[PDB]
Amino acid sequence: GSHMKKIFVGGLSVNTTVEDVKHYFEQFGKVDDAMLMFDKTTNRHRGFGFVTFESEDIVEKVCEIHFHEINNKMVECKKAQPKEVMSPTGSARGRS
RNA sequence: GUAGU
C-alpha cells in the first residue's frame with residue numbers, strides 16, 4: 001500500500017546506536033525492531049535508519065510529532081516509503 | 001553521516 005508499518009529516522013548523531021533508537025521509540029508504543037544504515041567502509045551509519053512497529057496507530061502518533069530528540073540532537077521521523085522510490089526517478093528523497 | 005539492507 002501507500003506506506004509500510006515502519007518509520008524513517010533521519011539526522012541521527014554518529015554517537016547514536018540502533019539500540020538507542022529502539023529503546024527511545026518504545027515511549028510512544030511497542031517497537032518491533034530497528035535498523036541503522038551501516039557502511040563497512042567506515043563502520044559508522046549513513047546518518048539515518050528505520051524503526052518497525054507493533055501497530056500503525058503508533059507509526060501515526062510518532063510521525064505526527066515529526067521532530068524527535070536523541071543523544072541531545074534532533075531527528076526527523078517520517079512514514080517509510082514502499083521501496084519503489086529507490087528508482088532514479090525518486091531516490092533524491094522524492095514522492096510519486 | 002536525512003530515502004534502505
# chains A, B, ... in the order shown; residues from 1 in each chain; ligands from 1
$ interface_residues --of "chain B" --to "chain A" --cutoff "7 Å" --atoms "only C-alpha atoms (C1' of nucleotides)" --output "list in words"
residues 1, 2 and 3 of chain B
$ atom_distance --atom1 "CA of residue 32 (chain A)" --atom2 "CA of residue 95 (chain A)"
25.9 Å
$ atom_distance --atom1 "CA of residue 54 (chain A)" --atom2 "CA of residue 33 (chain A)"
9.2 Å
$ select_by_dssp --residues "chain A" --states "alpha helix (DSSP H)" --output "PyMOL selection string"
chain A and resi 18-25+56-65
$ write_last_selection --atoms "C-alpha atoms" --output "PDB file, in the first residue's frame"
ATOM      1  CA  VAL A  18      20.394   1.167  16.803  1.00  0.00           C
ATOM      2  CA  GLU A  19      19.661   0.202  20.458  1.00  0.00           C
ATOM      3  CA  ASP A  20      19.463   3.917  21.481  1.00  0.00           C
ATOM      4  CA  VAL A  21      16.789   4.390  18.755  1.00  0.00           C
ATOM      5  CA  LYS A  22      14.945   1.086  19.578  1.00  0.00           C
ATOM      6  CA  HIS A  23      14.748   1.907  23.339  1.00  0.00           C
ATOM      7  CA  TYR A  24      13.775   5.571  22.610  1.00  0.00           C
ATOM      8  CA  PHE A  25      10.754   4.885  20.317  1.00  0.00           C
ATOM      9  CA  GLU A  56       0.431   1.688  12.517  1.00  0.00           C
ATOM     10  CA  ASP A  57      -1.511   3.680  15.175  1.00  0.00           C
ATOM     11  CA  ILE A  58       1.926   4.218  16.817  1.00  0.00           C
ATOM     12  CA  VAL A  59       3.567   4.939  13.393  1.00  0.00           C
ATOM     13  CA  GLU A  60       0.976   7.791  13.038  1.00  0.00           C
ATOM     14  CA  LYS A  61       1.493   9.003  16.698  1.00  0.00           C
ATOM     15  CA  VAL A  62       5.308   9.129  16.201  1.00  0.00           C
ATOM     16  CA  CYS A  63       5.064  10.727  12.694  1.00  0.00           C
ATOM     17  CA  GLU A  64       2.634  13.468  13.947  1.00  0.00           C
ATOM     18  CA  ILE A  65       5.423  14.726  16.322  1.00  0.00           C
TER      19      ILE A  65
END
$ atom_distance --atom1 "CA of residue 73 (chain A)" --atom2 "CA of residue 30 (chain A)"
22.8 Å
$ select_by_dssp --residues "region 45-90 of chain A" --states "strand (DSSP E or B)" --output "list in words"
residues 45, 46, 47, 48, 49, 50, 51, 52, 53, 67, 68, 69, 70, 73, 74, 75, 76, 77, 78 and 79 of chain A
$ write_last_selection --atoms "C-alpha atoms" --output "PDB file, in the first residue's frame"
ATOM      1  CA  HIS A  45      25.916   4.652   9.816  1.00  0.00           C
ATOM      2  CA  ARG A  46      24.758   6.998   6.960  1.00  0.00           C
ATOM      3  CA  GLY A  47      23.051   9.411   9.487  1.00  0.00           C
ATOM      4  CA  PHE A  48      19.596   7.738   9.039  1.00  0.00           C
ATOM      5  CA  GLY A  49      17.739   4.445   9.707  1.00  0.00           C
ATOM      6  CA  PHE A  50      14.336   2.751  10.226  1.00  0.00           C
ATOM      7  CA  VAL A  51      12.005   1.660  13.110  1.00  0.00           C
ATOM      8  CA  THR A  52       9.283  -1.052  12.771  1.00  0.00           C
ATOM      9  CA  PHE A  53       6.128  -1.031  14.982  1.00  0.00           C
ATOM     10  CA  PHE A  67      10.804  16.213  15.094  1.00  0.00           C
ATOM     11  CA  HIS A  68      12.202  13.980  17.906  1.00  0.00           C
ATOM     12  CA  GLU A  69      15.390  14.253  20.085  1.00  0.00           C
ATOM     13  CA  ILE A  70      18.043  11.534  20.829  1.00  0.00           C
ATOM     14  CA  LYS A  73      20.448  16.087  18.821  1.00  0.00           C
ATOM     15  CA  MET A  74      17.194  16.374  16.808  1.00  0.00           C
ATOM     16  CA  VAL A  75      15.923  13.798  14.249  1.00  0.00           C
ATOM     17  CA  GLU A  76      13.178  13.793  11.596  1.00  0.00           C
ATOM     18  CA  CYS A  77      10.625  10.919  11.706  1.00  0.00           C
ATOM     19  CA  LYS A  78       8.531  10.101   8.558  1.00  0.00           C
ATOM     20  CA  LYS A  79       6.474   7.143   7.169  1.00  0.00           C
TER      21      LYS A  79
END
$ decode --residues "chain B" --atoms "C-alpha atoms (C1' of nucleotides)" --output "PDB file, in the first residue's frame"
ATOM      1  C1'   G B   1      26.730  10.682   8.456  1.00  0.00           C
ATOM      2  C1'   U B   2      18.498  12.645   6.069  1.00  0.00           C
ATOM      3  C1'   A B   3      15.455   7.994   1.393  1.00  0.00           C
ATOM      4  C1'   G B   4      17.036   1.311   2.611  1.00  0.00           C
ATOM      5  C1'   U B   5      19.503  -3.652   3.974  1.00  0.00           C
TER       6        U B   5
END
